[PDB]
Amino acid sequence: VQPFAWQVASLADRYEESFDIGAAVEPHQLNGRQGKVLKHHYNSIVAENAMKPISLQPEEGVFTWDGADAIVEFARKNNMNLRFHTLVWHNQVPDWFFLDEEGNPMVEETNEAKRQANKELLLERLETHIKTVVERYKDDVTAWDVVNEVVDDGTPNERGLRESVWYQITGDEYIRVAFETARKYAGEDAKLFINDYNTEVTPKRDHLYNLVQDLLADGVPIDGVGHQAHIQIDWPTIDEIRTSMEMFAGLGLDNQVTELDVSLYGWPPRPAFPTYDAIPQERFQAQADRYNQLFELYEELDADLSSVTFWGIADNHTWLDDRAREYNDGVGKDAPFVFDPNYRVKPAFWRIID
Ligand SMILES: O[C@@H]1[C@@H](O)[C@@H](O)OC[C@H]1O
Ligand SMILES: O[C@@H]1[C@@H](O)[C@@H](O)OC[C@H]1O
Ligand SMILES: [Mg+2]
Ligand SMILES: [Mg+2]
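All the letters of the sequence shown, read from the start, carry residue numbers 1 to 354 under PDB author numbering.
Spelled out as structure tokens, the structure:
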């Protein structure tokens, strides 16, 4: 029986000379045992959902800030840095953004002139969203995920840009506007990031590398790359993770691990263990070796890595479970963190605290 998380050495303190230790949270996890764990181990947090587009302006003009404000407040009262997730994404983004003045999907428009009109209108709506949000939180956010997942997993176009509604309507323009509007209302000292997953593997990694390089050349304000790091136990490799970070550091950009979780499974996550108790210790031990190597690496690169955030706190709450269920007929459980469902340290914790 391992001790509780609040009884062991603080992760944030152990790495205070290298980078922040953060966690993704939901408004209802800011008290109780979770709140206790957060204050004890982390010096940074991010909203798992409360700050995505659809969560802040579900209707044009109609803003909902409660969840987001609660998270911003918690971080203020506990002196923790705060990453903002996220100003632009193709998921959890309200539909009104993409309808034309007549209420029809902009993607259905065929008149070249009217399309050019809708493009300008969308960029204007994006501009307003960013402006309203950045003004309200500019003094609390310490890192902004200006855009999320704008690079494709394959190569649908020479540039490898995800062809979401944002792209179909504005090409890469929405990306430029987002960063420039963010820099405009957040101040020249706000840290602006482009966030994505699988930033360690080619071709995606190279597409992203070319995009930032191209945007940098055009004066687009981009300060760093956010690596979600939704990785596995044996993939990607340490070398691939290292190479990617070294590559972006080479462009003079900061790196941050934003949504770290180490799944016990490959991809898709099959077969997944049905319950937590059904997971064999060998798995956790393998996960522990992975974590040791991972943080040893992050420590080796702490000169170009400023923050490391887990996409959750303890194994009782993780989006990886949804993924596990989808691929295992509705039943499955993952365990990606260093703290188990009961907030008791795991083999992994010891391996990254020493
Ligand atoms: O595309 C990825 C696949 O190649 C695998 O290895 O890891 C998860 C996926 O997201
Ligand atoms: O982990 C999150 C939780 O709030 C649940 O509802 O599933 C959705 C996820 O975003
Ligand atoms: Mg650092
Ligand atoms: Mg170690």
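No residue lacks a Cβ here, since even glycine has one placed at the ideal position from N, Cα and C.
**Residues near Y276 by beta carbon distance below 8 Å, same chain, minus five either side** = As a position in the sequence shown, residue 276 is number 276, starting the count at 1. Hits under 8 Å: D315, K333, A335, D340, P341.
**Asked** What distance in whole Å lies between the Cβ atoms of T181 and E127, which are believed to be in contact at a cut-off of 8 Å?
**Response** Counted from its first residue, the sequence shown places residue 127 at position 127. Counted from its first residue, the sequence shown places residue 181 at position 181. Their Cβ separation, rounded to whole angstroms, is 5 Å, which keeps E127 and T181 in contact under 8 Å.
**Request:** Please confirm whether any heavy atom of ligand 4 lies closer than 8 Å to the CB of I233.
**Result:** By one-based count along the sequence shown, residue 233 stands at place 233. No, the Cβ of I233 stays beyond 8 Å of every heavy atom of ligand 4.
**Prompt:** Could you give the uninterrupted runs of the alpha helix (DSSP H) lying entirely in the region 181-231, keeping only those of 4 residues or more?
**Reply:** 204-217
**Asked** Can you tell me whether DSSP reads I45 as helix, strand or coil?
**Response** Against the sequence shown, residue 45 aligns to sequence position 45. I45: strand per DSSP, three-state reduction.
**Asked** According to the Cβ coordinates, are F84 and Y137 closer than 9 Å?
**Response** For the purposes of this step, residue 84 is taken as the residue at position 84 of the sequence shown. For the purposes of this step, residue 137 is taken as the residue at position 137 of the sequence shown. Cβ atoms of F84 and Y137: closer than 9 Å.
**Message:** Please report the distance separating the alpha-carbon of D13 from that of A288.
**Reply:** As a first step, residue 13 is located in the sequence shown; it is residue number 13 there, counting from the start. As a first step, residue 288 is located in the sequence shown; it is residue number 288 there, counting from the start. Their Cα atoms are separated by approximately 20 Å.
**Message:** According to DSSP, is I241 part of a helix, a strand, or is it coil?
**Reply:** Locating residue 241 in the sequence shown gives position 241, counting from the first residue. Of the three classes helix, strand and coil, the one that applies to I241 here is helix, per DSSP.
**Message:** Quick check on this structure: which residue in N255, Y291, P274, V177 has the alpha carbon closest to the alpha carbon of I231?
**Reply:** Translated into positions along the sequence shown, residue 231 becomes position 231. For the residues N255, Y291, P274, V177, the minimum Cα distance to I231 belongs to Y291.
**Request:** Give the straight-line distance between the Cα atoms of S164 and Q2, rounded to the nearest whole angstrom.
**Result:** Translated into positions along the sequence shown, residue 164 becomes position 164. Translated into positions along the sequence shown, residue 2 becomes position 2. C-alpha separation (whole angstroms): 46 Å.
**Message:** Extract the residue ranges of the beta strand (DSSP E) inside the region 284-338, only unbroken runs of 3 or more that lie entirely within it.
**Reply:** 305-310
**Item:** Those residues which DSSP pairs with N255 across a bridge
**Value:** For the purposes of this step, residue 255 is taken as the residue at position 255 of the sequence shown. Its beta-bridge partners are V225, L305.
**Item:** Closest residue to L82 among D302, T142, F349, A190 (Cα-Cα distance)
**Value:** The count along the sequence shown starts at 1 and reaches residue 82 at position 82. Residue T142 is the option with its Cα nearest to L82.
**Residues sharing a beta bridge with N78, DSSP** = Indexing the sequence shown from 1 puts residue 78 at position 78. Looking at the DSSP assignment, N78 forms no beta bridge with any residue, so it has no partner.
**Message:** Give me the residue from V37, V88, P280 with the minimum Cα distance to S55.
**Reply:** Within the sequence shown, residue 55 is the residue found at index 55, counting from 1. Ranking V37, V88, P280 by Cα distance to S55 puts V88 first.
**Message:** In the DSSP assignment, the alpha helix (DSSP H) including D13 goes from what residue to what residue?
**Reply:** Along the sequence shown, one-based indexing puts residue 13 at 13. Taken as a continuous stretch (DSSP letters only), the alpha helix (DSSP H) holding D13 covers 11-14.
**Whole-angstrom C-beta distance between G22 and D145, which should lie under 8 Å** = In the sequence shown, residue 145 corresponds to position 145, counting from 1. In the sequence shown, residue 22 corresponds to position 22, counting from 1. The Cβ separation is near 13 Å, so there is no contact.
**Request:** Would you mind stating whether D66 and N43 have Cβ atoms separated by less than 9 Å?
**Result:** Against the sequence shown, residue 66 aligns to sequence position 66. Against the sequence shown, residue 43 aligns to sequence position 43. Against a cut-off of 9 Å, the Cβ pair of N43 and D66 comes out as no contact.
**Message:** Could you compute how far the alpha carbon of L161 sits from the alpha carbon of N210?
**Reply:** Within the sequence shown, numbered from 1, the residue matching residue 161 stands at position 161. Within the sequence shown, numbered from 1, the residue matching residue 210 stands at position 210. One C-alpha to the other measures close to 11 Å.
**Request:** Under the assumption that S263 contacts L320 (Cβ atoms under 8 Å), give the Cβ distance between them as a whole number of angstroms.
**Result:** Within the sequence shown, the letter at position 263 stands for residue 263. Within the sequence shown, the letter at position 320 stands for residue 320. About 6 Å separates the two Cβ atoms, so the contact holds.
**Request:** Answer yes or no: the CB of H230 versus the heavy atoms of ligand 1, is any distance below 8 Å?
**Result:** Counting from one through the sequence shown, the residue named residue 230 turns up at place 230. Yes, since a heavy atom of ligand 1 falls inside the 8 Å radius drawn around the Cβ of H230.
**Message:** Within the continuous alpha helix (DSSP H) that includes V1, where are the two ends?
**Reply:** By one-based count along the sequence shown, residue 1 stands at place 1. Unbroken run through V1: none, as it is neither H nor E.
**Request:** With DSSP as the reference, label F84 as helix, strand or coil.
**Result:** For the purposes of this step, residue 84 is identified with residue 84 of the sequence shown, where counting begins at 1. Strand.
**Message:** Nearest by alpha-carbon distance to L301: which of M247, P94, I71, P221 is it?
**Reply:** Residue 301 sits at position 301 when you count from the first residue of the sequence shown. Residue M247 is the option with its Cα nearest to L301.
**Prompt:** Thinking C-alpha only, which one of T243, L251, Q92, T199 is nearest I222?
**Reply:** Locating residue 222 in the sequence shown gives position 222, counting from the first residue. If we check each option's Cα against that of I222, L251 comes out closest.
**Message:** Could you tell me the alpha carbon to alpha carbon distance between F295 and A229, rounded to whole angstroms?
**Reply:** Position 295 of the sequence shown, counting from 1, holds the residue named residue 295. Position 229 of the sequence shown, counting from 1, holds the residue named residue 229. Going by the C-alpha atoms only, they are around 13 Å apart.
**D13 beta carbon near ligand 4 (any heavy atom closer than 8 Å)** = Sequence index remark: in the sequence shown, residue 13 carries index 13 (1-based). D13: no, Cβ never under 8 Å from ligand 4.
**Whole-Å CB distance - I169 paired with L122, under 8 Å assumed** = The residue labelled residue 169 in the question sits at position 169 within the sequence shown. The residue labelled residue 122 in the question sits at position 122 within the sequence shown. Rounded, the Cβ-Cβ distance is 5 Å, consistent with contact.
**Message:** Please report the straight-line C-alpha distance between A272 and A348, rounded to a whole angstrom.
**Reply:** Translated into the one-based positions of the sequence shown, residue 272 becomes position 272. Translated into the one-based positions of the sequence shown, residue 348 becomes position 348. Those two C-alpha atoms are separated by around 20 Å.
**Prompt:** Who are the near neighbours of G171 in its chain, counting only those whose CB is closer than 7 Å to its CB and skipping five residues on each side?
**Reply:** Counted from its first residue, the sequence shown places residue 171 at position 171. Excluding residues within five positions, none has a Cβ falling inside 7 Å.
**Request:** Give the range of the beta strand (DSSP E) segment to which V147 is assigned.
**Result:** Your numbering for residue 147 matches position 147 in the sequence shown. First-last of the beta strand (DSSP E) with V147: 143-148.
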